[PDB]
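Trainee: Please see the structure below; I have some questions.
Positions of Cβ are backbone-derived with ideal geometry, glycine not excepted, and every protein chain shown enters the neighbour counts. Bear in mind that the values in this text are calculations on the coordinates, not laboratory data.
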Number of protein chains: 6
Amino acid sequence: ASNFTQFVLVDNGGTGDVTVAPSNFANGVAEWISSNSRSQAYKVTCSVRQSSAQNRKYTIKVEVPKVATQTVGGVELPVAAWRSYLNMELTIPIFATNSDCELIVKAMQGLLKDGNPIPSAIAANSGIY
Amino acid sequence: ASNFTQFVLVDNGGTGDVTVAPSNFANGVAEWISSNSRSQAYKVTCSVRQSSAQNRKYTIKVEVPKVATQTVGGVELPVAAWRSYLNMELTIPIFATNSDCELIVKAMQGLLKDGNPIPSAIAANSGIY
Amino acid sequence: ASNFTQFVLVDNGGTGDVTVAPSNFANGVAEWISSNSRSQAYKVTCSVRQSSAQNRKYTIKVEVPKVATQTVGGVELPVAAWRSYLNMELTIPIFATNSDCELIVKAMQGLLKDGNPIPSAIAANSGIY
Amino acid sequence: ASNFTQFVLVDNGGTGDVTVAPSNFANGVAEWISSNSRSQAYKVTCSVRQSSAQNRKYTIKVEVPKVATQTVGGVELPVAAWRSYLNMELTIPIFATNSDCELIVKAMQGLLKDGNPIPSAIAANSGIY
Amino acid sequence: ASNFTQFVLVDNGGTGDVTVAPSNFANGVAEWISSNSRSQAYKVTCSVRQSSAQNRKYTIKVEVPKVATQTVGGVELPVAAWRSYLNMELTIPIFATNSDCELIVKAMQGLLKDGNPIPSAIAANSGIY
Amino acid sequence: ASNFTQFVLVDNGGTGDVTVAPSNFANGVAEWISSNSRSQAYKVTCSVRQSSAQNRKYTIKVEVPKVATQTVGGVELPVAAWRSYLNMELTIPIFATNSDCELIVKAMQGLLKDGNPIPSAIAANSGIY
RNA sequence: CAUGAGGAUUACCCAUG
RNA sequence: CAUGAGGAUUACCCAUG
RNA sequence: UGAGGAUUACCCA
RNA sequence: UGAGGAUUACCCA
């Protein structure tokens, strides 16, 4: 059994899909990277820790790159014009059961479901109105 | 037009669904709360700001309560045994187009899709392995 | 293959069986827990290290909880009345072959087999005499 | 109800079985050894004590000889190259009943049952993967 | 796309082939060993990390046992007289694409191809002349 | 004989093959380079030393360049965008016979053979999982 | 000299012993 | 690192070498 | 802790 | 900035 596996980060039907694969798991921090130039790759990291006596805390990070070609002195390198950074921390008391956790996950999926306020604002370069 | 509307945070088919409704939008911070006792309610907040010259930054927060009844001196009040806290920050350069933003959103939805590493770890009170 | 799989820790003839599953591998420590709130779960951890130039040491830990419901601040929480702890360290010389290691495993199984001295004493809350 | 008797430590089904018998009882520490020289013997020791006000603690030690290429009755140096050491400590809260203790024994048996992760890894000179 | 599987390390054409299989995955470092005692085994380990801002680095280690006059399963001292150690470090700039990386692998294969200088010198206990 | 000969480092079926030739042996370091300007050449170096009283250590280095044309001071020069570095050290005990050494060579060849774990990961810009 | 899943401008440098 | 029939709130702490 | 900033497992109050 | 903690739009380095 293992969940430190490869998975689809961005789904575009079946083609153009962005897949991220395991790359490193040093110091309790799991890392996934997409293939090809590390410089233009998507990155995902995850870790859990006992934040306090009663809490466990997940720290998740995602990096979405803007693929571009850099030319300098006639030398061109595959780079990322810029990157979008996602940073999330999830705190869960040790009294939470698997049921409570599944609920927390549905809340996160619901928060980002298509058509809902927040994902809509973000996708349109907007805020709330 | 308005996206500061009511929406389903937790989806349980059609029954038991947790709906969050607008409640306040003071100081550029939008807030949604579920119905009934504010003490046992789900909470969602969102805001955007120009974090720097080139970046805009979204700050989103979600609160999942563990509904319980508190009895003290024979007096019982509707409370939350504890709460799970979600805290996410999304940074997006001003060069991002609506297309770039839609991609960023799919990355977030993919990260949390059922069966993928992270949501699976969380739902099972686990880490990566 | 991959030996990091779930298994039955406490066998009660398929009914009320305490089964434990892979939950974390951060920092080279393999962890297994039962489907419970992290506060009431059975926990098993394992790690191997090359303790010396010519030795390998396995460190195994098992946590057996006495589940209970506690009323804190006039509120009920799933918790553990107390926990029992098993800490075992096994040092094997690098010269031991697979058959030598199989011999060690059999010794540990025979040691704890029903009816034998030690498990008998433990279960009866007594010493050896 | 004297339980300080000999038993089969390594079971090979009648043939090639290793029996271990009472050999010492100095200081309440019970000892069993196989019929070998003490340098090549199978040794088992066990004792119980009130570790603290809240706990009792069983200390179980096992010594297993490396058998491959072993010269029966010979002088094999260095000692650390020919022996494996098992060190078990079981902490049990004073509130544990015989029933509670029986379950703790089952947990130990389950941990080491044939085909499960830990014993499988040990028998294959492996770790968890 | 899990690539952590067993493979043939030493190929003698079906007969006398040395297979190496997954034996550990602690700390992201993958390990494979042959079916021997760890003192006489063939060991292979591999890990990747972002050595710096500009580079990624693969660390590959191999341990090969001295076989001539070897006593299978025996205790052979000193350890340094019976084992060879291979230590490989591969530094790859983040701009390298999969194509670039495929070429780097071909270079490594060419370096060690049968009949070429380096492998010929090593196999003959020689240097370059 | 004399093993200091040229050889094919990168094989592309006799067309676009990177062949490397003897270029220097100063200071006991055998060097090979490809037909290029010293700034864009593939480089291979090898040296053997009696690292200890009872050991011999081979130190091998390979440099794979990413050729490019750079405009410096408004002038075009053949150069390397970046370089990939392979550094390997092999320690062999003086007791290893020629057949023992042949075994080491085969292990290194099997390690990098197409389809096996490591070369697969490297070529796909990923780790082992 | 030794050890480092230490670094690089790559036959050099760093830390520890 | 090692040793403890050393302790625990249990991947931590203590003593000795 | 922070609708604190990032060259993003770093850094400031 | 922080795999920094929360009574969670607060607070610490």
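Trainee: Please determine, by comparing only the residues of segment C:27-80 that are within 14 Å of chain E (Cβ to nearest Cβ) and basic (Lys, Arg), which one is surrounded by the most Cβ atoms within 10 Å (Cβ to Cβ).
Mentor: C:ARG56
Trainee: Does A:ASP100 satisfy the criteria of being more than 7 Å from chain B (Cβ to nearest Cβ), without any contact (Cβ under 8 Å) to a residue 60 or more places away in the chain and on the phi < 0 side of the Ramachandran plot?
Mentor: no
Trainee: Do we have D:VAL105 as over 13 Å from C:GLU63 (Cα atoms) and either β-branched (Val, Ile, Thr) or under 16 Å from the mean Cα position of the chain (by Cα) (or both) here?
Mentor: When the stated conditions are applied, D:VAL105 does not pass them.
Trainee: Let me ask something else. Test each condition in (1) away from RNA strand J (no atom under 16 Å from the Cβ); (2) of a type in the set (D, E, K, R); (3) touching a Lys or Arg at 6+ places or on another chain (Cβ under 6 Å) for A:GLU63 and report the one that comes out false.
Mentor: The single condition A:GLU63 does not satisfy is (1).
Trainee: Follow-up question, since we're still on this one. Could you list, in sequence order, all residues of segment E:5-26 that are facing chain C (nearest Cβ under 8 Å) and over 14 Å from the mean Cα position of the chain (by Cα)?
Mentor: Once the filter is applied, which keeps residues that are facing chain C (nearest Cβ under 8 Å) and over 14 Å from the mean Cα position of the chain (by Cα), segment E:5-26 yields E:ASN24, E:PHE25, E:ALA26.
Trainee: Would segment B:70-82 turn up any residue that is within 11 Å of RNA strand J (Cβ to nearest atom) and over 26 Å from A:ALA124 (Cα atoms)?
Mentor: Yes, because at least one residue in segment B:70-82 is within 11 Å of RNA strand J (Cβ to nearest atom) and over 26 Å from A:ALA124 (Cα atoms).
Trainee: Residue check, B:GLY127 against (1) surrounded by 16 or more Cβ atoms within 10 Å (Cβ to Cβ); (2) within 14 Å of chain C (Cβ to nearest Cβ); (3) away from RNA strand I (no atom under 15 Å from the Cβ), all met but one. Which one?
Mentor: In the conditions (1) surrounded by 16 or more Cβ atoms within 10 Å (Cβ to Cβ); (2) within 14 Å of chain C (Cβ to nearest Cβ); (3) away from RNA strand I (no atom under 15 Å from the Cβ), B:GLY127 misses (3) alone.
Trainee: May I pose another question? Check whether at least one residue in segment E:101-112 is over 30 Å from A:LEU77 (Cα atoms) and outside any helix (DSSP H, G or I), and report yes or no.
Mentor: Checked segment E:101-112: no residue is over 30 Å from A:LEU77 (Cα atoms) and outside any helix (DSSP H, G or I).
Trainee: I'm trying to understand the selection: among the residues of segment F:1-19, which are within 10 Å of E:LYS106 (Cα to Cα), of a type outside the set (A, V, I, L, M, F, W, C) and surrounded by 15 or more Cβ atoms within 10 Å (Cβ to Cβ)?
Mentor: If the condition is that a residue be within 10 Å of E:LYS106 (Cα to Cα), of a type outside the set (A, V, I, L, M, F, W, C) and surrounded by 15 or more Cβ atoms within 10 Å (Cβ to Cβ), then F:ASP11 is the only one that fits.
Trainee: Looking at B:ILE94, is it over 18 Å from A:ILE92 (Cα atoms) and either of a type in the set (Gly, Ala, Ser) or away from RNA strand J (no atom under 14 Å from the Cβ) (or both)?
Mentor: So B:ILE94 fits the description; yes.
Trainee: Okay, moving on. I need the full set of residues from segment D:103-117 which are out of contact with any helix residue (DSSP H, G or I) (no Cβ under 9 Å at 6 or more places or on another chain) and either surrounded by fewer than 16 Cβ atoms within 10 Å (Cβ to Cβ) or more than 7 Å from chain C (Cβ to nearest Cβ) (or both), in order please.
Mentor: Residue satisfying the conditions is D:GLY115 alone.
Trainee: Go over the candidates A:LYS61, A:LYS57 one by one and state the one that is over 15 Å from the mean Cα position of the chain (by Cα), over 21 Å from E:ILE92 (Cα atoms) and within 10 Å of RNA strand I (Cβ to nearest atom).
Mentor: From the options A:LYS61, A:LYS57, the qualifying one is A:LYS57.
Trainee: Restricting to segment B:43-65, give me the number of residues that are touching a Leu at 6+ places or on another chain (Cβ under 9 Å) and under 25 Å from C:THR69 (Cβ atoms).
Mentor: 2
Trainee: Report yes if D:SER120 is surrounded by fewer than 16 Cβ atoms within 10 Å (Cβ to Cβ), without any contact (Cβ under 8 Å) to a residue 24 or more places away in the chain and either within 14 Å of chain E (Cβ to nearest Cβ) or outside any loop (DSSP other than H, G, I, E, B) (or both), otherwise no.
Mentor: It is false that D:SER120 is surrounded by fewer than 16 Cβ atoms within 10 Å (Cβ to Cβ), without any contact (Cβ under 8 Å) to a residue 24 or more places away in the chain and either within 14 Å of chain E (Cβ to nearest Cβ) or outside any loop (DSSP other than H, G, I, E, B) (or both).
Trainee: Restricting to segment E:2-19, name every residue that is in contact (Cβ under 8 Å) with a residue 12 or more places away in the chain, in a loop (DSSP other than H, G, I, E, B) and among the polar types (S, T, N, Q).
Mentor: Passing the criteria: E:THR5, E:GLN6.
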